[PDB]
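Trainee: Chains as they are written, first to last, in PDB author numbering: chain C, 557 to 630; chain B, 557 to 630; chain A, 557 to 630.
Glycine is no exception: its CB is placed at the ideal position from the N, C-alpha and C atoms.
First, the structure itself, so that you have it in front of you.
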Ligand SMILES: [Cl-]
């Protein structure tokens, strides 16, 4: 029951979205610093392999869409 | 009178809190290591600048309180 | 009154699982690069101390199990 629980539940999800967005921004800056460092060691791909291409996708729009849906279907 | 969708949602949110707090602590340890490495290069902030002071906030209290609130609706 | 929401909640959680799974992988790769760079300076543990022995755990199974339980505790 309690379909007004939705705002609370989605506020929790919105807080997680803020947290993961910050984690993403920060971890990418760490890679930026690492890339600089490995430039004279052969470059990041030389050290990590094709794994150097892995980047965290920004799921923000899909998450906000699902949050909106919960509110909409309460 | 069986609303427990929130019960399990709450538990799922708690697992995610544990997982994200771990990512934050680990990513920050990575920056610490990076700061050491960039010392003789002028420091991290002279390589990242308009981004270097960025650190993930700890949203634990905010998330925990929101979860306690949801739990508090029954 | 409506379990489209129980499906939507599970769906937002799955989005967050993919998002955090990507962050964990990327972050661990950043540490891999950092471990390589710190090798000549005594090793990561020499620089970070016992904190060097921590890694984010993979909560995939734990989270997927909770997500399923939600669909079943429908
Ligand atoms: Cl990182």
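The stretch 579-613 of chain A: which residues have C-beta closer than 8 angstroms to a C-beta of chain C, in chain order?
Mentor: Residues of the stretch 579-613 of chain A with a C-beta atom less than 8 angstroms from some C-beta of chain C are 579, 581, 582, 583, 585, 586, 588, 589, 590, 592 and 593, listed in chain order.
Trainee: Closer than 8 angstroms, CB to CB, is residue 561 of chain B near chain A or not?
Mentor: Position 5 of the second chain, counted from the first residue, corresponds to residue 561 of chain B. Yes, contact with chain A.
Trainee: Measuring from the CB of residue 563 of chain C, is there a heavy atom of ligand 1 at a distance below 7 angstroms?
Mentor: The residue labelled residue 563 of chain C in the question sits at position 7 within the first chain. Not under cutoff, so the answer is no.
Trainee: With distances taken from CA atoms, which of A/628, A/568, A/581 and A/629 is nearest residue 604 of chain C?
Mentor: As a working note, residue 604 of chain C is residue 48 in the first chain. Out of A/628, A/568, A/581 and A/629, A/581 has the C-alpha closest to the C-alpha of residue 604 of chain C.
Trainee: At a cut-off of 7 angstroms, is residue 586 of chain C close to ligand 1 when judged by its beta-carbon and the heavy atoms of the ligand?
Mentor: In the first chain, counting from the first residue as 1, residue 586 of chain C sits at position 30. Within the cutoff, so yes.
Trainee: For chain C, is any of its Cβ atoms less than 8 angstroms away from the one on residue 620 of chain A?
Mentor: If you number the third chain from 1, residue 620 of chain A lands on position 64. So, not an interface residue.
Trainee: Excluding the 5 residues preceding and the 5 following residue 591 of chain B in the sequence, name in chain order all residues of the same chain whose CB lies nearer than 7 angstroms to its CB.
Mentor: Stepping through the second chain from its first residue, residue 591 of chain B is reached at position 35. These residues qualify, in order along the chain: 600.
Trainee: Considering just the uninterrupted stretch of the alpha helix (DSSP H) at residue 574 of chain B, what are its terminal residues?
Mentor: In the second chain, residue 574 of chain B corresponds to position 18, counting from 1. Run containing residue 574 of chain B: 561-593, per the alpha helix (DSSP H) assignment.
Trainee: Tell me the start and end of each unbroken alpha helix (DSSP H) in the stretch 594-619 of chain C that is at least 4 residues and wholly inside, in chain order.
Mentor: 600-604
Trainee: Would the stretch 608-625 of chain B and the stretch 565-585 of chain B be scored as touching if the rule is three or more Cβ pairs under 8 angstroms?
Mentor: yes
Trainee: Once DSSP output is grouped into helix, strand and coil, what is the label at residue 629 of chain A?
Mentor: Taking the third chain and counting its residues from 1, one reaches residue 629 of chain A at position 73. Residue 629 of chain A: coil per DSSP, three-state reduction.
Trainee: Would you mind sorting residue 609 of chain B into buried or exposed? The rule is 16 or more other CB atoms within 10 Å of its CB.
Mentor: Residue 609 of chain B sits at position 53 when you count from the first residue of the second chain. Exposed, because fewer than 16 other Cβ atoms sit within 10 Å of the Cβ of residue 609 of chain B.
Trainee: Return the chain-ordered list of same chain residues with a C-beta closer than 8 angstroms to the C-beta of residue 596 of chain A, the five sequence neighbours on each side being excluded.
Mentor: What you label residue 596 of chain A is simply residue 40 of the third chain in a count that begins at 1. Closer than 8 angstroms at Cβ, skipping near neighbours: no residue.
Trainee: Confirm, please, whether the CB-CB distance from residue 575 of chain A to residue 565 of chain C is below 8 angstroms.
Mentor: Position 9 of the first chain, counted from the first residue, corresponds to residue 565 of chain C. Position 19 of the third chain, counted from the first residue, corresponds to residue 575 of chain A. It is not a contact, given that the beta carbons lie outside the stated cut-off.
Trainee: Can you list, in chain order, the residues of its chain with a C-beta nearer than 6 angstroms to that of residue 626 of chain C? Leave out the 5 residues immediately preceding and following it.
Mentor: Position 70 of the first chain holds residue 626 of chain C. So the list reads 562 and 566, once near-sequence residues are dropped.
Trainee: Find the residues of chain C that neighbour residue 569 of chain B, judging by a C-beta separation of less than 7 angstroms, and give them in chain order.
Mentor: Locating residue 569 of chain B in the second chain gives position 13, where the first residue counts as 1. In chain order: 568.
Trainee: Whose C-beta lies closer than 7 angstroms to the C-beta of residue 589 of chain A among residues of the same chain, with five residues either side of it excluded?
Mentor: Against the third chain, residue 589 of chain A aligns to sequence position 33. Same-chain partners within the cutoff: there are none.
Trainee: So that I know if they touch, is there some Cβ in chain B lying closer than 8 angstroms to that of residue 573 of chain C?
Mentor: Position 17 of the first chain, counting from 1, holds the residue named residue 573 of chain C. It does not; no Cβ of chain B falls within 8 angstroms.
Trainee: Skipping 5 residues on each side, what residues in its chain have a beta carbon closer than 6 angstroms to that of residue 560 of chain B?
Mentor: Working through the second chain from its first residue, we reach residue 560 of chain B at position 4. Result list for residue 560 of chain B: empty, nothing under 6 angstroms.
Trainee: Using a Cβ-Cβ cut-off of 8 angstroms, state whether residue 624 of chain B counts as contacting chain C.
Mentor: Within the second chain, numbered from 1, the residue matching residue 624 of chain B stands at position 68. No Cβ of chain C is located within less than 8 angstroms of the beta carbon of residue 624 of chain B.
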